[PDB]
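One structure is given below, encoded as structure tokens.
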Amino acid sequence: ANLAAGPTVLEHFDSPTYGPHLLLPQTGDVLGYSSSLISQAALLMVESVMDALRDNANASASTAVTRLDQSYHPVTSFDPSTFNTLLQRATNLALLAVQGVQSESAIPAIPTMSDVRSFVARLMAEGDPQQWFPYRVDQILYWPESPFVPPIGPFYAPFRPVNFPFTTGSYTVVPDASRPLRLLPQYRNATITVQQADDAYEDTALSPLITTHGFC
Amino acid sequence: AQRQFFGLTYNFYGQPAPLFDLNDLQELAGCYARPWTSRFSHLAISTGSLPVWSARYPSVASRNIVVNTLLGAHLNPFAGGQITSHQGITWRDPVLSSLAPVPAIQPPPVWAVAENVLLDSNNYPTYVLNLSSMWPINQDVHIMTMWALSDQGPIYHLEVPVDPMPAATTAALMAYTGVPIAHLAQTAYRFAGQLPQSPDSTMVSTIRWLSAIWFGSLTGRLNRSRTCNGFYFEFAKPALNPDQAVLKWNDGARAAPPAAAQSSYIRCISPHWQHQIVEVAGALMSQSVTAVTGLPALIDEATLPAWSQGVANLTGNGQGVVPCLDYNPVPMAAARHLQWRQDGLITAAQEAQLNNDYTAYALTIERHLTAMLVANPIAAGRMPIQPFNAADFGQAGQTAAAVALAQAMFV
Amino acid sequence: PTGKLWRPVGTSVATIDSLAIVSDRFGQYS
Amino acid sequence: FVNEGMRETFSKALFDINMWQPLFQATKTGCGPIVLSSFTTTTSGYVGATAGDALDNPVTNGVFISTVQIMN
Amino acid sequence: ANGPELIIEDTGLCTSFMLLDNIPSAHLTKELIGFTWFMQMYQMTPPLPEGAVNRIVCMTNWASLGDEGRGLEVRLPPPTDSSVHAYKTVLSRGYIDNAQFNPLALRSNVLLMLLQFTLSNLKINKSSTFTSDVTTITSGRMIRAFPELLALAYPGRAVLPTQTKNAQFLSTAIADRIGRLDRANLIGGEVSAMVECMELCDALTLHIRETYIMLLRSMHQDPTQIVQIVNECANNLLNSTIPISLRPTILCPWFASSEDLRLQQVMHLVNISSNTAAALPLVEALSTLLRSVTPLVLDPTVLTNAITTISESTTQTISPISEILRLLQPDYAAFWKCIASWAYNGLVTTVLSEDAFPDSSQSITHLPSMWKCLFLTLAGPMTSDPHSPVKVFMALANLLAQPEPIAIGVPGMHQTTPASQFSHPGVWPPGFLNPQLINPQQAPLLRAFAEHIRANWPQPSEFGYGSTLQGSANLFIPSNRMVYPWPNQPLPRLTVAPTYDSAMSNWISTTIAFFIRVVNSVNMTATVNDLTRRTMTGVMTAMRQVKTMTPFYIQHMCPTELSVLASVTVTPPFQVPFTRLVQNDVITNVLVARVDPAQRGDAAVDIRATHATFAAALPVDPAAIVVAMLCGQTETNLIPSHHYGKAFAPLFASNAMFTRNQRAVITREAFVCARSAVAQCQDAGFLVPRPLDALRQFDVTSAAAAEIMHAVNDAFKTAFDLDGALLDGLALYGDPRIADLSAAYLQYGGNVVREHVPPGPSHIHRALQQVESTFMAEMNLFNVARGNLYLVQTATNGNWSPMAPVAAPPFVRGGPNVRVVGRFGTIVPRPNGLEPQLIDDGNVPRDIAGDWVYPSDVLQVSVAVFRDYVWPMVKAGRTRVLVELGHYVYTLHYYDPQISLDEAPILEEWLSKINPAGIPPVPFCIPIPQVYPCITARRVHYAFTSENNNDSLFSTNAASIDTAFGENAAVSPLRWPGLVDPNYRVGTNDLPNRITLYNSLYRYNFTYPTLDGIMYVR
Amino acid sequence: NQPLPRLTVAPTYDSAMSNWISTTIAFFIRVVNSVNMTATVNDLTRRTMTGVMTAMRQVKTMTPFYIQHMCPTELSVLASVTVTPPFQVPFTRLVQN
Amino acid sequence: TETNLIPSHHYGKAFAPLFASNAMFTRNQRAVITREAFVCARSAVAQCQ
Amino acid sequence: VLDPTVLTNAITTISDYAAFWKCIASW
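Residue numbers (my numbering), protein chains in the order written: chain E, 1 to 216; chain L, 10001 to 10411; chain F, 20001 to 20030; chain B, 30001 to 30072; chain S, 40001 to 41018; chain A, 50001 to 50097; chain Y, 60001 to 60049; chain W, 70001 to 70027.
Rendered as structure tokens:
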């Protein structure tokens, strides 16, 4: 109530560190992560959301972690409806990152500016703000049918979307392919119509593609 | 402060849409001013000073019972999430400051006429983000939900910490002595209806103790003789309108503190409540407390209407519940007198008359509600009187139970 | 249209997954 | 033109297919639910059997299905 | 002291409808003696009026001896009188002639006058001295002794010698229904809180008069409250104590809700001229006070000294020392205002004074510009201006162009553009936002500057101010909060010593570290001499090492002062979030709105074009800032808190702070009434329940609004008496019709906020309303018959009764063969002896000998005709006409049935006074009711109303033992339920239909303690 | 033009001219706020410009209503009581050729 | 516009003086003579060529 | 009746019409 004028107030709902804290980012914004100066408030979100994601990535059953998730959470001066500010977009993605979802693109153990920027870039790219889990100011709705087990207090409601597409299980990390890997083509059932399956190609194909000849 | 309230809308008593006229929306929520903390600007020092008889709203409680219905139709945000609009009317802005005719080019999706919709101060992510500003809408939805969970008389709450009155709570009351029950709920209501006050704030204790003493008086116990910390309410002698109540710090034996935490939900049970300025200013006041403190616990389910079962966050049934008692003004007052009669307060031959005096009074605030009831049907899309069927009037509800809950509350 | 009527159980935004057969005390409205 | 009743059929036909939705995903065949609103359009003009009689059916933003669509 | 005169006790019995005895009973002695008795012969004044006709006319406070007037009242003169003068409070003044009353704007007046009827009744019912009754009339009872007003109060105490029509009635009066009932007293021996008593008083005045006590409450607070509201207000420092002991009763209306407040804060910003001049007596007000109390002594010598002591060879021409010593010298008015300006950034944001920028003709080899530019920086954060950062960046970026080139956005803005000219948000150096962009190998120095400003511009922060129990005047910040440029620390209760930590201090230390780098840089090092360049490093280090106590102050004690001083101030702080260098959140405009963009189709149109934009900027000077900032000393032995607990004592001991708190409430009223007043007289606007829709109104033009909306602003200005501009300004754009408040800023990016303060839930938007519900019901009591007016030549001999008409009215509209008059009302003449056809409604001339229905308006632009063709007809008794006018004013004229009379001329004259403008109050002749059965002369009458407009007759022959020819009208018991009904219950009143001239009512004894009446401060 | 409607808040802000006077002032308010303006327009004076142009826009002028409801009824009449009738070639808005 | 304003009465009073001056008929008269002076002028000059 | 009084006030804070009539009579 008293610090409601401040830009935004992030707070760790899952087992805070030394007791419930209430992080308040100063107004300034960092230089480097995005061509558009990202507000210190929103940057903290990315840095954490980029944890709950990288942590989900390798969190295992046998291990016991401090917090069942590392994602931050906006509690004040935050626009819940729109999806412009990097913060809103990040927040929107953290309500999902608390379910155990993992990024297809492996998030490095020691995030580097090049990497953080490649994530803050992927976040800005026009897309669809996840809608399964609506946002609240004092509660993080977590899927009942999800690995995440709520701490204790009154911060986690067991909300269940009408149709969440994710199932559980993990993924063992595989090293970077040293050369372009060929892919045998196995077909599905639905088939596209030549007309549509043409421009579809011609809308994303590399037409005047420069190519080497080598030796025949 | 406090950022969490759960409400429940009125019940369209076997009727279609919400029982409130357009003529009403521009009679309470109109003028464009914020229809919020206005509930109280329709009450006087008593009843003889209000247009609460033969008229558009024939009742000392016919206002709130209407404004409450009107609130149901315009609270969709807390129901789902969007603002919506009921019959060319929708809040002007996201802060729900007031009502106003639907814009013209960007109209809100027409509301969905549904009865008894639950509410969550969370389903509206903007509410808490502004808390301070639209603070009022909280305490109000609360006043609503305490009349909605009931059908025949609002359901407030009572307390009594095992400790002595919080000093700065005996000082705050001793400056409200002569003041009538009406102007007490006034300060009470007016207070917990602007700027989120911490439940720790002095006033809450004071106004919460003023709702515990009022009850002790309403059941003899806390009388002119056996006062609380020094207070008790003196009711006007029935013969000239006993529907009064004034706080009076005396100095007679102090009703010793209870042996434990005494909590219970009490609601007026007979239609009588609808016209007793004291049975409303009191109940309404006891609700001022709950509004700025969440809700003690879950109100017992047992004795309660059919549309109030397991009402998430509100009603209960298990352990987190508190037995809810309901008294009847007459079966009540009778014992309220017997108490006085036992404490030598009055003669042994004066209580068999005090009842006559008061009982005839209740028979007057009875041929009047029935008249207004069979005057303002209900199929007329309105509910200034709220149906009650000529029966509940005599209905000797819990009563006997609350008369005991009063003693244990002020031993 | 045809079939039973559905409504956004998750409210407002209907995502093709939010929708659920609007059943109730009367059965399902078809 | 796709007169009111003729939509009842193609809807009743597609309706009986959508029903099998849970088995289409399970077995990775299919391709999502088939909405009849994916084969039609919202053109407008006069719709009849011959210039002469089509002149008495000015329809605005009616729902027509093009030949190549009536094929899919 | 201009605070609304709220508490206004009234002892005399509250009633506003006196039974004014009209046509007196003839004292007759020659003949028929005994028929009529006068209480006068028994030297004893009659309780009820005694005359041949006793009307119940309305006079607010007629019997109000209670000390002190309210200022304005409404006393209609009996129907026998004219009356119209009481209804021309608007749309009349200089247009509709005396004789008449503007029938077109009738509602606009009967409403503007009812508002008048209410405010006049806004007094508290003070309790009097109830003494017993040693006399046998009430044998002991508690009647309230008053002079002669007694007789008039309790009608029951009347002594009846003979069965006089009054005594016929009074006779009934339930014995026990007199005096008082329940004196509820607490402190034994102290005056009773509120006694309760039945005593002649109308349910209506009573209602208003008590919906006022309800109001004085809506703005009251027990002692344990008003103490904290006061404590918190001075931040708990300031010793005030309340005595824990029962204080009988204390109605002290000092508080207004937070909402009632804001409605007057925006309201106050409307009258304030958006110009910089109107915001100057807003900052300077906070600045004279800021200094008035402040442990911060400014002391030049300190700085001068610290600088004078740097060695400087005099075998040099440029005098590094002599320079700043000059520059740094233009007084402290600038430091304070910078601060004071923070309190009202919304209205006015300070700015670096254009003149104090190194001029754009020199590069950085110029040493007077190197110092000029250093002083721009330091003083940078001080000014509230949303650009100081960019302007500071340019100032240098600008001055060192030749060496350092940087990106400069828009065309016509080169890096050498006179710094100051960088006010728009969109024109910030691309490099300045993101320093990543500025390359070192090209603009090192400048890049380290951009790099610096970003890393060290003060982080804004907010603190509390005022009491949470007493709302606050915030429009863009949470209640009881003030955004603030510098990081903030809690006031210290120990000993202070200039510390070198803190945003302020650090900002001076890093920036002075930057210009020490500018001086030891390549450029500088090659040009500027050597030994001189050392002097400059010394002249700066000295500064960046002076023990200035200010850095501390701007972070510890200043916040306390602004907080505590944000209450004593005669205008609450008006702030908008401070944006520490955030490109998009730069506030280009802080706007307000007099009208709402809803009514005029402006829902979509941009904000910058629908609201006014405060444009007030102060030219602060960098010289002053620095000299101060960098040179504050205190009293070595000083307790910050102590020095304040002292400096606030006065401006917190009196309840002057509580005054504005009411000017707010009266504003929230005046506004809600106007909104109602205009919208009622208007036609369907802000959903305002119009209980006066039947009455007329054909002037809905703005003028009509301003006129309406104006009187209302008087009625209050007169009622509460307050010179201060209230409800004014709303007009400005000449149009009350759409009065609507709204404030709202706009950050460069897009975000528009908006925050339209709506009137709080007010207490008179009830009362007045409540009066109009009841006015409608009982018009007659104000001289305003309803229904229509018939004109038929009935020449009777019996009890003619114009007002209450027995039987069905002859020929209603649309009856068999009852043609209306076509709009124009024209009469076409016909040749050789044929009746002149009267163009009927359907537009087909019909003939005068019949039954006509005259739409009043028609009759106004047509009388010249009416009187010449239809009138000669009505007299002949061959053309009953119904003049159809909504609600008219009605003059009565009692004649004597004995003598003969022909009501034609008292009608023909009335006709000759009807312009296309206004008609005179319809006059009805009425025989004076006789006592005996007299022989009567056949009189000829014409005017007689259809609706029963005989509602104020009250009595027919008070003194007479019985009326014989007149219409007996025994005092209706329905009027005095309290006084004569067995079933009546003390506390019931059909308030929206009849007006019980005798109810029960609680009279209080409120004591109004002052601030020393509550707590004991000092 | 339109038949003289009973004066109210509606016809007096919806006139053709009210729209024109409005949307124009609206348009120029964004012009005096252009980034380009900065070159010579002061930040304070740029606000003072929005201050004045908004006064005009919001001013409650009653001519826009006259020139669209009451002015036709004058010319219609006045155009008959004149010894020399009105010569009038058709009006055209942007239809060029 | 003037505070009190009944469009009906106003325009009425104004257009009253206008129809009092028979300037509407002068137009019809000067007209039938110009048509005479024309069918006669055009003819006389068309008869000399 | 044309009169800039209102306009002047409104503007002045934050700071015969032949032309007009010879524009309608011009149409």
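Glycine included, each C-beta is placed from N, C-alpha and C at the ideal position.
(request) With 8 Å as the C-beta to C-beta threshold (strictly closer), list the residues of the segment 40682 to 40702 of chain S near chain Y in chain order. (result) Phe40698, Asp40699 and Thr40701
(message) With three or more beta-carbon pairs closer than 8 Å as the criterion, would you say the segment 50029 to 50041 of chain A touches the segment 50064 to 50079 of chain A?
(response) no
(request) Find the nearest neighbour of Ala10188 (chain L) within the set S:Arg40209, S:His40220 and S:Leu40206, judged by alpha-carbon distance. (result) S:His40220
(message) As a quick exercise: from E:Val120, E:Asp128 and E:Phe159, pick the residue whose alpha carbon is nearest that of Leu44 (chain E).
(response) E:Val120
(message) My output table needs one value for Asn40783 (chain S): the three-state DSSP class, helix, strand or coil.
(response) coil
(request) Under 7 Å between beta-carbons, which chain B residues line up against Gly20003 (chain F)? List them in chain order, please. (result) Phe30015
(message) By the 7 Å beta-carbon criterion, what residues does the segment 40537 to 40564 of chain S contribute toward chain A?
(response) none
(request) Inspect the CB distances between the segment 10279 to 10293 of chain L and the segment 10197 to 10205 of chain L and report whether three or more fall short of 8 Å. (result) yes
(message) Can you pull the chain B neighbours of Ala190 (chain E), defined as C-beta to C-beta under 7 Å?
(response) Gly30030 and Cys30031
(request) Let me know if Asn40589 (chain S) comes out buried or exposed under the rule of 16 or more other beta-carbons within 10 Å of its beta-carbon. (result) buried
(request) Anything in chain L within Cβ reach of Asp40602 (chain S), meaning under 8 Å, just list it in chain order. (result) Per Cβ cutoff of 8 Å: no residues; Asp40602 (chain S) is ~11 Å from chain L at best.
(message) Distance cutoff 8 Å, beta carbons only. Does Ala4 (chain E) sit that close to anything in chain L?
(response) yes
(request) Assign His40941 (chain S) to one of three DSSP states: helix, strand, or coil. (result) strand
(request) Could you tell me the boundaries of the alpha helix (DSSP H) in which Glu40707 (chain S) lies? (result) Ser40702 to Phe40716
(request) Check the Cβ of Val70006 (chain W) against every Cβ in chain S and list those closer than 7 Å, keeping chain order. (result) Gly40734
(request) May I have the straight-line CA-CA distance separating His10337 (chain L) from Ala10302 (chain L), to the nearest angstrom? (result) 29 Å
(message) Nearest by alpha-carbon distance to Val10411 (chain L): which of L:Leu10119, L:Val10278, L:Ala10171 and L:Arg10226 is it?
(response) L:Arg10226
(request) Would you kindly report the start and end of the unbroken beta strand (DSSP E) that includes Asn40589 (chain S)? (result) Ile40587 to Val40595
(request) Flag this pair as touching only if the segment 10394 to 10406 of chain L and the segment 126 to 146 of chain E have three or more C-beta atom pairs under 8 Å; answer yes or no. (result) no
(request) Measure the alpha-carbon distance for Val40627 (chain S) versus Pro40573 (chain S) and round it to whole angstroms. (result) 27 Å
(message) For the pair the segment 4 to 15 of chain E and the segment 74 to 94 of chain E, tell me if three or more CB-CB distances fall below 8 Å.
(response) yes
(message) Here's a check: name, in chain order, each residue in its chain whose Cβ is nearer than 7 Å to the Cβ of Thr40294 (chain S), leaving out the five neighbours to either side.
(response) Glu40561
(message) Rounding to the nearest angstrom, what Cα-Cα distance links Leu40238 (chain S) and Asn40231 (chain S) in this structure?
(response) 7 Å
(message) Out of S:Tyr40894, S:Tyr41002, S:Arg40867 and S:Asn40948, which one is the CA nearest neighbour of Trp40910 (chain S)?
(response) S:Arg40867
(message) Determine whether the beta carbon atoms of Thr10370 (chain L) and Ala10352 (chain L) lie at a separation below 8 Å.
(response) no
(message) Using the three-state DSSP reduction, which class does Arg40823 (chain S) fall into: helix, strand or coil?
(response) coil
(message) If we define contact as Cβ-Cβ less than 8 Å, is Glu40707 (chain S) a contact residue for chain Y?
(response) yes
(message) If we require 4 or more residues per run, which alpha helix (DSSP H) segments fall completely within the segment 50016 to 50053 of chain A?
(response) 50016 to 50031
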